[PDB]
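Right, one structure below, let's go through it.
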Amino acid sequence: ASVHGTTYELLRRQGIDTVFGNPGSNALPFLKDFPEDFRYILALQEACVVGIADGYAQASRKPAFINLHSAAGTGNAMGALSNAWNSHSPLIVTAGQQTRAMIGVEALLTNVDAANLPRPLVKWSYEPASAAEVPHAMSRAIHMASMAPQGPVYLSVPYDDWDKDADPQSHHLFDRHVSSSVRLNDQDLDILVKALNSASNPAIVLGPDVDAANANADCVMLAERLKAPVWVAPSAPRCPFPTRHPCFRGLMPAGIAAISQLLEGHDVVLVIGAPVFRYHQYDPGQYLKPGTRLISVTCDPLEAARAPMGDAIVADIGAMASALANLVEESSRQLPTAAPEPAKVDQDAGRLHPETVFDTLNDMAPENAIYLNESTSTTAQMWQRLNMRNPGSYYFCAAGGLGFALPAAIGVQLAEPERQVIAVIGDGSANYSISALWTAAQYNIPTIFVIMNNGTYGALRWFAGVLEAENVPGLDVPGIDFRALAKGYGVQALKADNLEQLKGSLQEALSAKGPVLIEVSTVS
Amino acid sequence: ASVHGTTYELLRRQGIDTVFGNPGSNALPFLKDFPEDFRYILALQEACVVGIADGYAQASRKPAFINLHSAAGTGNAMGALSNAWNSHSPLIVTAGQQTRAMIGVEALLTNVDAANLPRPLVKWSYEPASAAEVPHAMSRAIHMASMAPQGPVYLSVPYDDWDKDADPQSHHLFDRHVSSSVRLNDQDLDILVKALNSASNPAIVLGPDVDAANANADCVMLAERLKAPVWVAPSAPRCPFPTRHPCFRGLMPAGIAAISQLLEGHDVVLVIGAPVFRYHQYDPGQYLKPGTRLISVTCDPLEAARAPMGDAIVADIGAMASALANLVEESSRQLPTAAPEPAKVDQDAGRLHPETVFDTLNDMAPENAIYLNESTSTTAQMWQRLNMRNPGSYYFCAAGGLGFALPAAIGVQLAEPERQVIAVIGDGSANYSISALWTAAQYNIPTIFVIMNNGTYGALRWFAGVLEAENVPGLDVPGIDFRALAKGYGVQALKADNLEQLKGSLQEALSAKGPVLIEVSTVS
Amino acid sequence: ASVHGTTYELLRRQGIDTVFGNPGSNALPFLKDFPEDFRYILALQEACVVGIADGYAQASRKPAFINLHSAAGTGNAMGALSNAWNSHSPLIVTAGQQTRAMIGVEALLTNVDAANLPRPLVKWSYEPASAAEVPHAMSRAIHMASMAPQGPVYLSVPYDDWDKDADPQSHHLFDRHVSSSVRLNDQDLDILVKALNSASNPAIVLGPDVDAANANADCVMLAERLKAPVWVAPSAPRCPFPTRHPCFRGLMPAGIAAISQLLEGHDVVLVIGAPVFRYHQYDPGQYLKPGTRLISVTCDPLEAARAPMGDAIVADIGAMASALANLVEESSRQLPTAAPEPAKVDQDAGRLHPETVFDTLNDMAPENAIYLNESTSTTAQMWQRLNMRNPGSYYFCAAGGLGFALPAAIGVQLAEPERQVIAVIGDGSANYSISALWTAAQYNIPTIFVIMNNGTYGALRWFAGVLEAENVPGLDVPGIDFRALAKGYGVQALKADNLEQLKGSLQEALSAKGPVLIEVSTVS
Ligand SMILES: Cc1ncc(Cn2c(C)c(CCOP(=O)(O)OP(=O)(O)O)sc2=O)c(N)n1
Ligand SMILES: Cc1ncc(Cn2c(C)c(CCOP(=O)(O)OP(=O)(O)O)sc2=O)c(N)n1
Ligand SMILES: Cc1ncc(Cn2c(C)c(CCOP(=O)(O)OP(=O)(O)O)sc2=O)c(N)n1
Ligand SMILES: [Ca+2]
Ligand SMILES: [Ca+2]
Ligand SMILES: [Ca+2]
Ligand SMILES: [Ca+2]
Ligand SMILES: [Ca+2]
Ligand SMILES: [Ca+2]
Ligand SMILES: [Ca+2]
Ligand SMILES: [Ca+2]
Ligand SMILES: [Ca+2]
Ligand SMILES: [Mg+2]
Ligand SMILES: [Mg+2]
């Protein structure tokens, strides 16, 4: 067998059937003879390739396979890899390298020092020392991406390796099963359970690894047993809990003092599947107030090590959430009361307040919609206004890197064909990965793109105003016609200049058979 | 003085007056109070920021200054940095980092292990250990980028450093002059000159560092004295010689055997300002035929070390070319005969042959036009059909990384306002950095963009055919409306479906006052 | 030809005939069939291997070739590489790697991520992608080590590569000549010369790259023409000037304020072949006083970039010193007056003051002796008391890394068999690389080792006293019998408890036919 045939067999046997890519010559011997049972998804720029793959992996809860071209292709994707690192996305990034005989002279298209290029944004990065090693290296990549804490990996393969003979002993790779589905030993788990049962006013904080693990329902049971309020950890990449459940208390503000104030009076705070904490703004103060103890369950040693406070347990989130939910006592305390309905913001017949948009989306979208957010000045309002009952309903760039939501929304929609995906993207953010729209058109992936057009990098203008910072250049983005960009890439385009037009356009978009972009004129 | 004021003073004193950027919050304390004598050039994605800066630096023959946001912004630019490495572009890449007090907890927007992120594509990469070090680190960056061999550098600066007090002793940085304008010692230079004078059939090969050094005219004198044919080294990023000079012999094919055959019978081959050699295709054979000696002059130790053949001298190209041109004897041999006019390809009233496009551009463009090439299946024909008399007339992605020409053409046009820039870009390549078009519109930088629309990744289809490779996915890019994309970003848009429409559109574009995109229907 | 035969041919053709090594199995296919015209120098630990090679390279002014075993051998040498980086030592470090078929499984003796292991202490680090690339990679290593600024490089080679067929086209590597012997262009050199001629009170500062280049005599001529005092730059790794020449002013103190005070009143300070500056102690103040301009000539871009003051020129030190010495005018100013004789310190019939030792060495040693210094509390006195007339007469650990002098003294003595080497090493420092003594015994390399036994890490005790730092552990090293250690490794051993015994032992050592260690009881 050739290295090509053995490698595709390994991929198939390990559950991979899709290649997200942008082709080049170094990968031609990999891509030729492409197997009929595999699908290739082309995108026009590598940030888009990796963003699509990332959304696919996060929504599918399985690894996604990528093929890029050499250093330039890899490099074009490194912003996307920053997000994938922070979201623990299981991405297998392969990159085509020059033929081994041309690497020393540094021929055009040579990826110099290839394994160092994606660092520090990958869990493992490698170039094999021989062709016959390629299947084994691919096995390593698959498992490294997939073991907790999941994350992106990188494998560079010389052009000429694919046609070489494989080692027959590579067959032992095909059906390897590698598990990291582990939980705290019984003795120490019983201590934790007793601490939770004994708490007088517990609180729960959930992060994105809960949604990745599909541990959401277990966390609902846990919260109901403990009669505890539930927050989402700051800078949330995913939504880990039903947002109209009575226990839900919303997105934590991403500041040190704000969080310790929120947690004051709670004697035990159990954090599951989040870093402690993904703060953002400068908000100095106490990490915790006196009388609060924090206990973190995390799938990631790097998270446990860097927490500035609390105990930690490094384990699989799915396994731990299920165990905890089924072991804790039912508290006799009263169940928390649901948060009230958010206020309706006054809206005239002009430009749309973002709150209006979110309220209308919540009114018209299916109950099993999936939302993506890259509307950076409106996140707090979005989190208050969308009733997200189901797992897998929200994605936000986990490293804050813009250019995620537009391509990721296409990958999510590919992963969840029955669930309508609605990406809410600012006019600034929409540009970073604009060319991803073409993939939605070409493959007829029916994502809806809602462009929040305020003409500015609003979150930056806001921050400069808080700072009283004057004479800051580059904060405005006038003169972009998003309907024309959509037309450029073959996607149906609508405008919404007022509330009536927003409802009419959303009605049209929801019944369409293909992707749709709606440009919304929002208040500036 | 603050670190901000000292740093901007250093930049001004060192000749920097322009910041190419995409803003974020980590850089707000750098960008606020932006000096009135500086200009900020915004682009909508960081590949575009760096590509624009790169074209500006290459055409201006001086460093260009960039400011990006953290890891995601840096990462979005890494493909662009691959090209800048290969072109020896002097780019000073700064990236905003989180406040020092938030780096340990890895707050959102922290650039983890920042100095490692752009490696191996930078000459120097650094994060200062204290605020007061920032001016000194900036000095280091400026000089590292600017010393031969020029190249990109990276500096990560925490948000909170800018407002801190600077060290008064930083004033010693302001007027430092650092020179690498060096040439071979007299004794060894006399040996080289004697070897050139004694050659019976010398040949010259020129690469991009000749054009960077503006050594073109000196090389013309050298060629005329030695009565030697002149080739451009393969995979050419720049044009180092007038292409209708009698000695000019064109672009070398990027293959080992092809080049040694071309050089057969030439007893001494002098290579200036090129790697030896930037081969591309697999074309095995002899590096040199018997009877050929090669001597390379390079500004880059890494080039000299990796050449598989020949002697080398590591020195400044400008200094060496000027010395050699003025020291060699006038040979009594006959001056080479100019290459004939290229053939006119038969053209019907339908889709355009690329040869037709290039011939029409050469007919209608000013004699001091500047061309950029990212039409990857048509490069050989382009090089034969454009009369480029002047230095600085050609750019091509030096690492083969697509997404260079569209933004670089804007930066070149900013650098050379009197010289009409014409970027010839394939329909595939145009997508990688499409959003750069907006910068041309916003700043009214009057670049002309010629999109070669054949509906395919033609160079890849070509290569797959040579290989007889079947079932290769992802090679076609149907369904892109480039006039609509231009409209999207505010750039005047024309179509050319046939030769009459090509001439009419070029006539319109050449008289326009702003940027123009022309979508040309080319033969598939 | 095999890769082994081609590689040894390349080495021989490039002037390498000695391998400094500690063997292991991964290198057995390299070391077998060892050519009869090569010499292998074994040392018992890899810090010793590299230190010996380093002294050999520095004294020979040519590259030295090393072979180590995998990661553990490489790692044992990394302290030695820190010194070699700072001294610009041209070292070619090869390390044996596992067979390619065993690298993926990470068999015992695999060097994981090998090229990253020695970073950041090497100029270039590489593992070839195929066996046939090994000769080309070796060529790259040779030239990278040897081009200015010289320095160490690293090449990792899989076991199985050596026996494979080489590429016949590797013959083009054998006789490549690569030059970096360059100087400032004539126009800018004339400006520099005019600035030197016009100075009213010039000063010269020389660093180790002057001695490496054998530019010492040229610098003497330069100093005499300009009638300028000459200092050695701080933390001096080498001696660049005759220390009893009338212009010589000694070792600069390694502090910011001390140096600017020393240079006050000097209108032009010309620094050659040194960083600006290798400060050590905290001594804050002005980099330069008003009225002093500094101009640096350096072979190293990294030095030129980081200087906090002055202009710089990046060029070959040999070429620049020769040009400057022969172009400057003869000043009519008076020649500086020689420094007086140092004072004789009162010495009783007990333990030796270090000043006594140095005075006695200067009295009894040949005029062409070579000294090494790793007696860290006595350096200033050593520099005042030794008349070093000739180039190549002094070495000191260039990164301050102890464990250099003992092995380096053996390599220097191998390089300079007619020049008596005398290493003056503290009792603390002697331990780091003690096993190097065996190589001197086995190869009968007749180095004299003078152990300054004060029972303490004296320079650290001194510093703790300046700090008024109390309760510092680990500063005393009682209970080491150096005569017994010498016996252990086969080296003749003497003691000197008083001045009479010091003279008698030195008389014995100087007439011996093999290496000798003298343990001197020095004042504490
Ligand atoms: C790749 C990248 N570049 C720049 C930024 C900086 N950035 C920028 C540019 C923001 C403005 C986004 O504007 P928008 O129009 O998408 O949304 P708002 O107007 O609601 O802020 S928010 C922010 O962090 C970033 N996070 N990621
Ligand atoms: C960033 C990146 N991704 C992918 C490639 C691979 N690539 C691709 C995708 C090519 C096709 C470019 O198509 P085009 O339409 O711009 O021009 P032609 O149709 O004339 O080839 S040529 C080539 O090397 C690349 N070099 N750089
Ligand atoms: C490898 C290493 N480890 C530790 C040190 C720290 N060090 C130490 C341990 C010194 C004391 C050396 O003692 P000595 O006996 O050799 O000489 P003195 O008694 O004259 O100081 S000086 C100094 O910088 C070092 N420089 N290098
Ligand atoms: Ca409602
Ligand atoms: Ca699915
Ligand atoms: Ca906006
Ligand atoms: Ca014509
Ligand atoms: Ca200009
Ligand atoms: Ca095309
Ligand atoms: Ca004396
Ligand atoms: Ca010798
Ligand atoms: Ca001591
Ligand atoms: Mg990197
Ligand atoms: Mg290392």
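Numbers restart at 1 for each chain; the letters A, B, ... are given by sequence-line order, proteins then strands. Both backbone and side-chain heavy atoms feed into the values below; hydrogens, waters and symmetry mates do not.
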Heavy-atom proximity to chain B below 4.5 Å, by part of A:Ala459: neither

Segment of B:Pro308 engaging chain A (4.5 angstrom heavy-atom cut-off): side chain

Between B:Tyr432, B:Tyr40, B:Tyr279, the one whose heavy-atom pairs under 4.5 Å with chain A are most numerous: B:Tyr432

A:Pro478 portion near chain B, given a 4.5 angstrom heavy-atom threshold: both

Region of A:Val112 that comes under 4.5 Å of a non-hydrogen atom in chain B: backbone

Under-4.0 Å salt bridge between A:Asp476 and A:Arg461: yes

Residue part contacting chain B, namely of A:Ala464, when any heavy atom lies under 4.5 Å: both

Residue part contacting chain B, namely of A:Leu121, when any heavy atom lies under 4.5 Å: side chain

Region of A:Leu108 in contact with chain B, defined by heavy-atom distances below 4.5 Å: both

Pairs of heavy atoms under 4.5 Å with chain A: top-ranked of B:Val472, B:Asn431, B:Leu42: B:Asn431

Proximal component of A:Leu81, with respect to chain B [non-hydrogen, under 4.5 Å]: neither

Contacting moiety of A:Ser25, where chain B heavy atoms sit under 4.5 Å: both

Which portion of A:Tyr457 sits near chain B, non-hydrogen atoms under 4.5 angstrom: side chain

Residue A:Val19 versus chain B: region with a heavy atom under 4.5 Å: neither

Side chain / backbone / both / neither for A:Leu117 at chain B, heavy atoms under 4.5 Å: both

Any side-chain donor near an acceptor of the partner, A:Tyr282 and B:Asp160, under 3.5 Å: no

Top of B:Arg306, B:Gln442, B:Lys32 for chain A proximity - count of heavy-atom pairs under 4.5 angstrom: B:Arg306

Which atoms of A:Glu36 approach chain B - backbone, side chain, both or neither, heavy atom under 4.5 Å: neither

Atom group of B:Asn22 that falls short of 4.5 Å from chain A, counting heavy atoms: side chain

A:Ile41, part contacting chain B, at a heavy-atom distance under 4.5 Å: neither

Greatest number of heavy atom pairs closer than 4.5 Å to chain A - which of B:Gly490, B:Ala469, B:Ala399: B:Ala399

Residue B:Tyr159 versus chain A: region with a heavy atom under 4.5 Å: side chain

